[PDB]
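Colleague:
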Ligand SMILES: NC(=O)c1ccc[n+]([C@@H]2O[C@H](COP(=O)([O-])OP(=O)(O)OC[C@H]3O[C@@H](n4cnc5c(N)ncnc54)[C@H](OP(=O)(O)O)[C@@H]3O)[C@@H](O)[C@H]2O)c1
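Right, dumping it as structure tokens:
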């Protein structure tokens, strides 16, 4: 699905549109403001993805402000933030959003996501010590997030890093189902299982770490590079276009102006079926972001391995 032009977009269940390409901001650092302004004003991005836990929201805010002061309406932008683990209790949801909106210098978010489906204690360590991973009242948290929508502070709500079982648990109790499920997706980790479950429920999927992140960057993968040279495009452009053809929005992160400009030029051309199949053919070995260092305590639990974080669905 698409919108057409570099204004390509997907449609959420609420009728609101999400631009197909967004700017990621994890580890964007003290360049964040510049990258956000450049991406929006010069490269024509209309979607920014951030989070409180990234520590860059104030910077994103200054960037968004500068971009809008140059004659772009707030309505045209799509801003996503995320509710962190330590704030996953009903009475912490609203204060967390207000802080995010204040740092971003906004009055509403377009999308507010559960960052991870795990509650952490205040002052939790990495890895977490005994009793620092707490019990999650998912139903109560989600009810409060529905209230944010009702008040108009958030236009849509959703989740990240979910399993099929956790999705079913949420879908049982929810009045407003999740608009978006944001997941690690790239060649080498398709996660078709979660994608199919989201497709069934009409939930839109955003591919995070679409280039394999910093840790396992795929821009010098032999197969990706072969396709890139064949089509006269960059490896990044191929990786991102591959995702759009699967039907997921993408949020590639870069702090370099030229890469920011490149990453959105993924419309008006396609990856042929043979090349698409070859990239899908890369085996799903391992994920870059396991959540092990955030939630796994091997000795005391309650989560003693990475497979327990993903409900044994790998
Ligand atoms: N929900 C979650 O839990 C979650 C988890 C991970 C990520 N995310 C979100 O998704 C966004 C993207 O994921 P990610 O930041 O992990 O990684 P990514 O976008 O897959 O990869 C970014 C890395 O590739 C480089 N890069 C960017 N464009 C390139 C190109 N055209 N050619 C070659 N290299 C390129 C970047 O370096 P330079 O910056 O130096 O250009 C950076 O090192 C994050 O910023 C965040 O918004 C969410």
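Numbering (PDB author numbering), first residue to last: 6 to 319.
For every residue, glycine included, the Cβ atom is placed at its ideal position computed from N, Cα and C.
#1: My output table needs one value for residue 86: the three-state DSSP class, helix, strand or coil.
#2: My guess is that residue 29 and residue 287 are in contact by the Cβ rule of under 8 Å, so how many angstroms apart are they, rounded?
#3: Per DSSP, what kind of secondary structure is residue 147 in: helix, strand or coil?
#4: With DSSP collapsed to three states, give me the class of residue 310.
#5: So, is residue 273 buried or exposed, given that buried needs 16 or more other C-beta atoms within 10 angstroms?
#6: Judging by CA-CA distance, which residue of 13, 283, 89 is the nearest neighbour of residue 129?
#7: Let me know the secondary structure DSSP gives residue 115 once reduced to three states.
#8: Compute the minimum distance between the beta carbon of residue 63 and the heavy atoms of ligand 1, and state whether it is under 7 Å.
#9: Identify every run of the alpha helix (DSSP H) within the stretch 29-117, keeping only runs that are complete inside it and at least 4 residues long; order them along the chain.
#10: Check whether the Cβ atoms of residue 189 and residue 261 sit closer than 8 Å, and answer yes or no.
#11: Are there any heavy atoms of ligand 1 lying less than 7 Å away from the beta-carbon of residue 324, as far as the coordinates show?
#12: Check whether the stretch 191-211 touches the stretch 65-82, taking contact to mean three or more Cβ pairs, one atom from each stretch, closer than 8 Å.
#13: Are the beta-carbon atoms belonging to residue 27 and residue 54 less than 8 Å from one another?
#14: Is the beta carbon of residue 170 closer than 8 Å to that of residue 316?
#15: Just checking my contact of residue 254 with residue 23 at CB under 8 Å: how many whole Å lie between their CB atoms?
#16: Below 7 Å, is the gap between the Cβ of residue 30 and the nearest heavy atom of ligand 1?
#17: Should the stretch 135-155 be called in touch with the stretch 104-111, which here means at least 3 C-beta pairs below 8 Å?
#18: Look at the alpha carbon of residue 201 and the alpha carbon of residue 179, and state the distance between them as a whole number of angstroms.
#19: Helix, strand or coil for residue 4 per DSSP?
#20: Could you spell out the range, first to last residue, of the beta strand (DSSP E) harbouring residue 324?
#21: Taking the beta strand (DSSP E) that residue 189 belongs to, which residues open and close that run?
#22: Using 7 Å as the cut-off, classify the Cβ of residue 165 as near or not near the heavy atoms of ligand 1, replying yes or no.
Modeller: Inspection of the coordinates gives the following:
#1: Here residue 86 is taken as the residue at index 81 of the chain shown, counted from 1. DSSP places residue 86 in strand when its eight states are reduced to three.
#2: Start at 1 with the first residue of the chain shown, and residue 29 comes out as number 24. Start at 1 with the first residue of the chain shown, and residue 287 comes out as number 282. Going by Cβ atoms, the distance from residue 29 to residue 287 rounds to 22 Å, so no, they are not a contact pair.
#3: Along the chain shown, one-based indexing puts residue 147 at 142. Here residue 147 sits in helix by DSSP.
#4: What you label residue 310 is simply residue 305 of the chain shown in a count that begins at 1. DSSP places residue 310 in coil when its eight states are reduced to three.
#5: Within the chain shown, residue 273 is the residue found at index 268, counting from 1. Classification of residue 273: exposed, given that the 10 Å Cβ count is below 16.
#6: One-based indexing of the chain shown puts residue 129 at position 124. Considering only alpha carbons, the answer is 89.
#7: Here residue 115 is taken as the residue at index 110 of the chain shown, counted from 1. Here residue 115 sits in strand by DSSP.
#8: Start at 1 with the first residue of the chain shown, and residue 63 comes out as number 58. Answer for residue 63: no, Cβ out of range of ligand 1.
#9: Correct list: 37-46, 62-74, 95-109.
#10: As a first step, residue 189 must be located in the chain shown, where it is residue number 184. As a first step, residue 261 must be located in the chain shown, where it is residue number 256. For residue 189 and residue 261, no; Cβs fall outside 8 Å.
#11: Outside the shown range of the chain, which is 6 to 319, sits residue 324, and nothing can be said about it.
#12: no
#13: Numbered from 1 along the chain shown, position 22 holds the residue referred to as residue 27. Numbered from 1 along the chain shown, position 49 holds the residue referred to as residue 54. In this structure, residue 54 lies closer than 8 Å to residue 27 by Cβ.
#14: Within the chain shown, the letter at position 311 stands for residue 316. Within the chain shown, the letter at position 165 stands for residue 170. Yes; because the gap between Cβ atoms is below 8 Å, this pair is in contact.
#15: Taking the chain shown and counting its residues from 1, one reaches residue 254 at position 249. Taking the chain shown and counting its residues from 1, one reaches residue 23 at position 18. Rounded, the Cβ-Cβ distance is 6 Å, consistent with contact.
#16: Translated into the one-based positions of the chain shown, residue 30 becomes position 25. At a threshold of 7 Å, residue 30 counts as near ligand 1, since its beta carbon sits closer than that to one of the ligand's heavy atoms.
#17: no
#18: The sequence position of residue 201 within the chain shown is 196, counting from 1. The sequence position of residue 179 within the chain shown is 174, counting from 1. Residue 201 and residue 179: Cα-Cα distance of roughly 19 Å.
#19: Nothing can be reported for residue 4, as the shown portion of the chain is limited to 6 through 319.
#20: The question about residue 324 has no answer, for the chain in this structure spans 6 to 319.
#21: Taking the chain shown and counting its residues from 1, one reaches residue 189 at position 184. Segment 185-189, the beta strand (DSSP E) holding residue 189.
#22: Locating residue 165 in the chain shown gives position 160, counting from the first residue. Yes, since a heavy atom of ligand 1 falls inside the 7 Å radius drawn around the Cβ of residue 165.
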